[PDB]
Amino acid sequence: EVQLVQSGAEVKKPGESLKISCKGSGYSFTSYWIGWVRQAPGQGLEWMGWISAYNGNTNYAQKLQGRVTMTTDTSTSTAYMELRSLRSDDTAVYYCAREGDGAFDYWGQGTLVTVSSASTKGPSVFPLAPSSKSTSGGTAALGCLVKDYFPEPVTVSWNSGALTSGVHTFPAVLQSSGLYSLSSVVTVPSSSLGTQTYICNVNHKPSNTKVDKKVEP
Amino acid sequence: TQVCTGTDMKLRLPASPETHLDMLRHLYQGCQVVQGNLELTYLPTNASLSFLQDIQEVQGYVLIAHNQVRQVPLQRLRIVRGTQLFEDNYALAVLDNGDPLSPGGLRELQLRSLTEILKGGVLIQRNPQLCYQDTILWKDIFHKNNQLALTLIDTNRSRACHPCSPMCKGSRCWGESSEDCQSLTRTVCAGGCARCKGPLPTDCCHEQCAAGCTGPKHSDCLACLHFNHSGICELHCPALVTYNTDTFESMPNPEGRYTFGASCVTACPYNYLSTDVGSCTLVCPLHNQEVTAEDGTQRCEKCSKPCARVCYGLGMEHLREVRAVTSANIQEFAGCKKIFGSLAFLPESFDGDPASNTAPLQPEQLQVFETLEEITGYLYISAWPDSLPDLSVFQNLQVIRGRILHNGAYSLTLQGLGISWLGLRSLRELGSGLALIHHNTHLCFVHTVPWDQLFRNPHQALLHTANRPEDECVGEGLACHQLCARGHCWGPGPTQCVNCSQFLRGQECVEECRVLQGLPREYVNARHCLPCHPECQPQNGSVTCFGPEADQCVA
Amino acid sequence: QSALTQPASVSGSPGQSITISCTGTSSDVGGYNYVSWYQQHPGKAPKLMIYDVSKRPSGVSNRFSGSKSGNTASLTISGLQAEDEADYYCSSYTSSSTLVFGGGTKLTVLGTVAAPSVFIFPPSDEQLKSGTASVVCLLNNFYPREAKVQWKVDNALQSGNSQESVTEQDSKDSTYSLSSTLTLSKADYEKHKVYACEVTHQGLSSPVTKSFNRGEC
Ligand SMILES: *[C@H]1O[C@H](CO)[C@@H](O[C@@H]2O[C@H](CO)[C@@H](O)[C@H](O)[C@H]2NC(C)=O)[C@H](O)[C@H]1NC(C)=O
């Protein structure tokens with residue numbers, strides 16, 4: 001089918017240059033234009049520009065000018081957003097999408113590009129705990145915790161994903177110590193708990209520290 | 001130059017794909033106006049059409065079909081007239097410009113000067129990569145008085161369209177550029193006037209204009225709706241002769257003009273006959289017959305009793321429906337020196353036609369054309385009996401005029417034949433159009449014909465391919481007999497020279513005539529060698545003759 | 001340069017139904033009809049609905065219907081099928097050959113003004129050792145988007161340290177959670193014995209409290 005597949009996520013230091021790739025398939029690549037939009041963490045969509053994959057013509061943003069360059073390569077069906085002189089705050093989601101009548105109908109998966117001055121440190125894996133001391137009259141809650149880490153994201157799956165029930169996770173927040181935190185509680189029966197296996201997959205591929213942390217009474 | 005003639009192939013498939021574009025480039029190369037039909041079909045995906053780029057008018061319809069080029073550069077085409085129409089409805093047709101078995105296909109019409117369409121409608125269909133056609137306000141293109149404004153546009157696509165340029169007022173464009181924005185010239189005008197260059201009445205175009213204007217005057221037009229007679233647009237051209245109000249006797253009108261296409265012309269162009277009224281034609285009006293001056297040209301004039309009958313060829317009164325020359329009609333050419341019409345000989349002809357019990361034409365009936373010396377329409381040969389090595393039966397043919405061209409382009413066509421040389425010895429001129437000689441395995445002596453000498457207009461050429469290679473001709477020995485001046489022949493021998501750099505005894509070259517020696521005894525005139533009396537001087541003395549009878553041969 | 005304006009605001013009541021607005025200038029939406037709308041669910045690409053001002057791709061629900069006099073710019077949803085909550089985006093084509101996005105608006109449907117379930121957590125004898133002792137509270141199921149949290153570090157109304165994020169309006173039961181915890185390095189935890197969390201939400205019967213102690217079992 002129609003597929004727009006982008007690069008793995010990026011982490012870049014101030015002064016450096018980013019270079020995301022977007023490979024389209026299953027549709028005739030030269031036939032359509034390709035555009036680039038980005039989303040700074042919890043914020044608005046921001047159109048960056050578009051490319052003619054047929055003739056190479058490009059419109060850009062007027063705020064990014066000097067600093068962008070989109071290209072394609074017909075032979076390999078790929079588009080190449082390139083953002084130079086990265087300085088913060090370009091941090092965003094960075095989609096590439098296939099352009100219809102001034103409008104995009106098929107996107108890429110996304111590409112988190114993170115630009116901060118600081119280096120990479122992992123999370124703080126902690127099991128908060130519940131017994132009858134934590135009974136609200138017949139149903140329970142429990143979940144691990146994540147505090148003081150870098151950079152995003154932090155997958156918190158629950159029992160190999162083989163329990164998507166009552167699991168309710170929070171936005172990362174920037175602390176006074178400069179690194180984020182959150183939670184991850186599973187609404188499940190204090191009909192069951194402990195007795196049941198509530199294992200949290202607290203990944204951090206930025207640290208590559210796959211952590212299995214099971215929480216029980 | 002300025003004017004060219006179109007073509008009339010319709011949808012029919014190019015006999016010589018390898019010369020087909022090379023044809024087109026020749027016809028349209030410098031051309032600003034095409035009296036005829038702009039037909040661009042079958043063009044292969046990577047195919048330079050830069051010659052098309054000067055065309056402003058198309059007098060009949062425009063047909064772009066079965067192509068794969070992605071552009072067809074007619075930015076300058078400005079008005080079509082739809083004199084004639086595709087399927088009798090359309091002044092502009094784009095069909096089937098897709099793919100059949102970086103895709104192929106036309107992507108944007110880009111007809112960005114096309115404001116006028118005088119007669120006929122628009123049919124666009126089956127074009128996979130074609131964008132913006134449905135952006136276009138077609139009723140602004142169609143003339144007011146245009147009776148045939150029906151329109152049949154398809155939008156099925158297999159790709160999608162960028163927006164129109166930001167400069168597009170109302171977002172109607174012939175393509176992705178600013179340059180492609182549809183200029184409006186009819187629906188937005190002040191008052192009921194039919195064309196204008198702006199919304200103010202002050203912008204209204206002179207009523208004689210057609211596509212728009214730089215100003216208010218009939219000097220300020222983009223195209224004339226009737227006749228361009230100098231800087232000025234008028235409804236008709238000045239008459240050729242003013243009458244005397246008492247006598248009513250013709251007096252030559254000093255500032256009088258002929259009409260040629262849509263122009264007021266001083267004198268008719270080369271291959272066209274001028275006429276009593278004031279028109280330039282390819283065919284005389286009803287009660288006329290063709291004249292000729294010592295001045296090489298021809299005129300039409302009226303006749304003394306109901307005119308002396310003449311031979312009509314194919315495509316003409318009576319034969320206008322018939323595909324081919326055949327036994328059922330071969331007799332009808334009994335000893336004609338000049339045929340009004342064309343001859344074509346098809347497989348159909350020499351093979352039988354049992355579909356209506358008509359007999360296979362025999363290699364010897366063809367001799368009816370031995371007297372033939374002028375053809376007004378074209379010659380088209382595609383089958384020809386194996387027996388005959390050449391086209392000798394036309395060895396007295398001296399002019400093919402082209403006035404009617406095969407498929408709109410070819411005065412001379414020999415193809416798929418078996419002949420071994422050409423033998424049109426007395427063919428001194430192809431009046432109009434191009435020759436296409438292709439796919440004749442055994443054809444030598446093409447290279448020898450000085451084809452540049454036959455042609456008249458510079459949009460003319462021979463297109464040849466799949467013939468016997470000259471290398472294989474020079475090699476295997478066949479070549480111009482040494483008596484053939486400047487090396488040009490139509491075949492093997494001294495019978496076949498185009499010019500004789502010694503003398504001519506009949507239809508043959510001879511290094512000397514028999515005025516000194518030699519048996520059946522002779523004498524010399526205008527480079528020839530004519531016989532003397534059955535009984536004049538049998539001698540071995542000096543200069544023994546001077547003439548034909550016993551009147552002048554000195555005894 | 002030079003974003004369109006929308007309100008983050010629509011609200012509305014399950015069943016039906018309200019409309020978003022765009023709007024922007026003669027040079028953009030007020031001049032072009034290449035005006036398109038997007039539905040973004042949290043942490044996903046945008047969905048394409050609808051384009052040209054008023055038209056729907058395949059699969060897009062009936063009574064998504066944008067149209068209107070420029071310079072606005074007006075998407076409308078009609079039955080509020082329950083899960084239509086998303087951030088919503090208008091975009092337009094531009095006299096500068098550029099795509100331009102509106103600031104977005106957050107659609108959010110109404111329903112029962114529910115009351116919170118409040119479990120009470122620590123962080124762990126795994127947590128404390130690093131020099132950290134976070135006192136924790138979640139806000140399970142409720143409405144609307146504000147209540148009053150008031151930690152009890154042995155009865156002291158501290159302020160600062162009471163961190164905060166918020167999940168998207170729960171997609172099956174129209175509710176909010178909310179992140180409320182306490183910054184507590186191993187320095188500020190020792191001479192306090194009782195630790196309660198009071199969640200004063202307008203939806204319960206009066207301010208409700210549920211309590212954890214420092215060293216039971
Ligand atoms: C008809 O009038 C004359 C034809 O003799 C044309 O005058 C030329 O046409 C264009 C621009 O007008 C240019 O080729 C030349 O600048 C003009 N003068 C020349 C050829 O020296 C005129 O174009 C024709 N007008 C129309 C409307 O067809």
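Participant: In this structure, what is going on with the UniProt feature "disulfide bond" in chain B? I would like to understand it.
Facilitator: Residues and elements named next belong to chain B. Sulfur atoms of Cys 484 and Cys 497 sit 2.0 Å from each other, so the disulfide annotated by UniProt is realized in this structure. With a gap of 13 residues between them, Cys 484 in the loop between helix 6 (471–475) and strand 28 (503–504) and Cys 497 in the loop between helix 6 and strand 28 connect regions that are remote in the sequence. Residue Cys 484 is classed as buried on the basis of its relative accessible area, which comes to 5%. By relative accessible area, which is 9% here, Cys 497 ends up buried. The UniProt disulfide joining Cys 532 and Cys 545 is present here, with an S-S separation of 2.3 Å. Within this pair, whereas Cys 532 is found in the segment after strand 31 (529–531), its partner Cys 545 is found in the segment after strand 31, the two being separated by 13 residues in sequence.

Participant: I tried to follow the sheet that holds strand 3 (residues 22–25) of chain A on my own but got confused; where do I start?
Facilitator: Residue and element names in this part refer to chain A. Ordered in space as 1-3-8-7, the four strands form an open sheet in which the pairing is antiparallel. Each of the sheet's edge strands pairs with one partner strand only, and the pair in question is strand 1 (3–6) and strand 7 (72–73). Examined bridge by bridge, strand 3 and strand 8 (residues 78–79) share two bridges and lie antiparallel to one another. From the neighbouring strand, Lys 23 faces strand 8, where its bridge partner is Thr 78.

Participant: Hey, could you run me through the side chain of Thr 175 of chain C in this one?
Facilitator: Residues and elements named next belong to chain C. Checked against the element boundaries, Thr 175 lands in the loop between strand 10 (149–153) and strand 11 (194–199). Given a relative accessible area of 5%, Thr 175 falls into the buried group. A distance of 2.9 Å separates a polar atom in the side chain of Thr 175 from a polar atom in the side chain of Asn 141. Apart from the residues lying within four places of it in its own chain, the contact partners of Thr 175 are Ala 114, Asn 141, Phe 142, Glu 168, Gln 169 and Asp 170.

Participant: Sorry if this is basic, but what is going on with the interface of chain B and chain C here?
Facilitator: Note on interface size: it is often stated as the accessible area lost on association of the parts. In this assembly, seven residues from chain B lie in contact with six residues from chain C. Roughly 480 Å² of surface becomes buried between chain B and chain C when both sides are summed, with 57% attributable to carbon and sulfur atoms. Sorting the residues of chain B by area buried against chain C places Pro 163, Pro 166 and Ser 171 of chain B first, and these three jointly supply 83% of that buried surface. Run the count over chain B and chain C and you get zero salt bridges. At the junction of chain B and chain C, the tally comes to three residue pairs in polar contact. A breakdown of the residues in the side of chain B that touches chain C according to their chemical character gives five nonpolar, two polar and no charged.

Participant: Mind showing me how you'd approach the domain arrangement of chain C here?
Facilitator: Residues and elements named next belong to chain C. Split by domain assignment, chain C resolves into domain 1 (1–111) and domain 2 (112–217). At the interface, eight residues of domain 1 touch nine residues of domain 2. For the pair domain 1 and domain 2, the two sides together bury roughly 710 Å², of which 41% comes from carbon and sulfur. At the junction of domain 1 and domain 2, the tally comes to one salt bridge. Counting across the domain 1 and domain 2 interface gives five residue pairs in polar contact. Its residues assigned to classes, the side of domain 1 that touches domain 2 shows three nonpolar, two polar and three charged.

Participant: In this structure, what is going on with the domain arrangement of chain B? I would like to understand it.
Facilitator: Residue and element names in this part refer to chain B. Domain parsing of chain B yields domain 1 (1–194), domain 2 (195–306), domain 3 (307–501) and domain 4 (502–555). Placing the centre of domain 1 and that of domain 3 at their C-alpha centroids yields a distance of 36 Å. Each partner contributes to the roughly 1200 Å² buried at the junction of domain 1 and domain 3, and carbon and sulfur atoms together form 66% of this total. Taken as a group, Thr 19, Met 23 and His 26 account for 37% of the area that domain 1 buries against domain 3, more than any other trio of residues on that side. Seen at the junction of domain 1 and domain 3, the total is zero salt bridges.

Participant: So what exactly am I meant to see when it comes to the environment of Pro 206 of chain A here?
Facilitator: Residue and element names in this part refer to chain A. Looking at where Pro 206 falls in the secondary structure, it is placed in the loop between strand 18 (198–202) and strand 19 (212–215). For the pair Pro 206 and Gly 8, spaced 198 residues apart in sequence, the C-alpha separation works out to 12 Å. Once you skip the residues sitting within four places of it in the chain, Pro 206 turns out to touch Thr 120, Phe 150, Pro 151, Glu 152 and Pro 153.

Participant: Help me understand empty space enclosed by the protein, please; the structure alone is not making it clear to me.
Facilitator: Rolled over the atoms, a probe as big as a water molecule pinpoints where empty space is left. There is about 210 Å³ of room inside the largest cavity. Forming the boundary of the largest cavity are 20 residues, of which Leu 145, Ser 181 and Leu 182 of chain A together with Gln 163 and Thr 181 of chain C lie nearest the centre. In terms of residue count, the dominant contributor to the lining of the largest cavity is strand 17 (residues 180–186) of chain A (three residues). Of the residues that constitute the lining of the largest cavity, the class distribution is nine nonpolar, ten polar and one charged.

Participant: Honestly, the state of the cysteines in this entry has me stumped. Any pointers?
Facilitator: A disulfide bridge is the covalent bond that connects two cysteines by way of their sulfur atoms. Scanning the model with the defined rule gives 25 disulfides over all chains in all. What connects to what in chain C, once the bonded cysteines are numbered by sequence position, is 1-2, 3-4. Among the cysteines around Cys 217 of chain C, which has no disulfide bond, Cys 144 of chain A carries the closest sulfur, lying 20 Å off.

Participant: Before we go on, may I ask you to explain the side chain of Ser 165 of chain C in this structure?
Facilitator: Within the element layout of this structure, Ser 165 of chain C appears in the loop between strand 10 and strand 11. Given the relative accessible area of 5%, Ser 165 of chain C is considered buried. A polar contact is formed between the side chain of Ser 165 of chain C and the backbone oxygen of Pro 171 of chain A, at a distance of 2.7 Å.

Participant: Explain the pairing of strand 3 (residues 38–41) of chain B to me, please; I cannot follow it from the model alone.
Facilitator: Regular strands place side chains that alternate from one sheet face to the opposite one. All names here are of chain B. Burial along strand 3 is two-sided: the residues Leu 38 and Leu 40 and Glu 39 and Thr 41 are all buried. Examined bridge by bridge, strand 3 and strand 5 (residues 62–65) share four bridges and lie parallel to one another. Note on strand 5: the bridge partner recorded for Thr 41 is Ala 65.

What counts and how
Residues numbered from 1 in each chain as written, not as in the entry; some residues may be left out. Chains lettered and ligands numbered in written order. Heavy atoms only, no water. Residues with missing side-chain atoms left out of burial classes, pairs and counts. Disulfide = S-S within 2.5 Å. UniProt positions renumbered as here; feature names shortened; annotations may be inferred. Helix = DSSP H or I, 4+ residues; strand = E, 2+ residues; numbered from the N terminus. Buried < 20%, exposed > 50% of the residue type's maximum accessible area, 1.4 Å probe, protein only. Pairing = 2+ DSSP bridges. Polar contact = N/O pair within 3.5 Å; in protein donor to acceptor, adjacent residues only side chain to side chain. Contact = heavy atoms within 4.5 Å. Buried area = accessible area lost by both parts, 1.4 Å probe. Salt bridge = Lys/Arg side-chain N within 4 Å of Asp/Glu carboxyl O. Nonpolar A, V, L, I, M, F, W, Y, C, P; charged D, E, K, R; others polar. Domains from an automatic or database assignment. 1 Å grid on protein atoms, 1.4 Å probe; cavity = no way out; pocket = protein on both sides within 12 Å on 5 of 7 lines; lining within 4 Å. Points joined across faces, edges and corners; volume = space filled by probe spheres on them.

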